[PDB]
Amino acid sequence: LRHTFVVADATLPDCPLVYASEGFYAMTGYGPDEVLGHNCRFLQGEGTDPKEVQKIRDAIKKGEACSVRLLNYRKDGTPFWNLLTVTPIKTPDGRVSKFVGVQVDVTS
């Protein structure tokens, strides 16, 4: 199946994205200059369910994995359904260093 992949830096307080696969840029319409250094939430918009957003916010704050389905918007404004799985990456001392995300466009 077609998916995309990003890495977020958890050592920075607001989990900016530091790496994205070619598919992530191609799927969203945004280039590296608009994606790198930014929190993934710029993909959100009017129809995004705040309850699902809250699930990821809590899991990130708690350093747990999380899988949620979100309405997202491309650079051109058009919406798509993003099945998103975030995974915490810990150092051996228990601290979370990075979050990794798999994003699937599940508009089908």
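Heads up: residue numbers just count along the shown sequence, starting at 1.
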Check: Mean CA B-factor: is it higher for 66 to 74 or for 51 to 59?
Finding: 51 to 59
Check: In terms of the CA temperature factor given in the entry, to which third of its chain does residue 21 belong: lowest, middle or highest?
Finding: lowest
Check: residue 104: which third of its chain by C-alpha temperature factor?
Finding: middle
Next item on the list: Within this chain's modelled residues, let me know which third the CA B factor of residue 89 belongs to: lowest, middle or highest.
Entry: lowest
Item checked: CA B-factor placement of residue 6, once the chain's modelled residues are sorted into thirds -> lowest
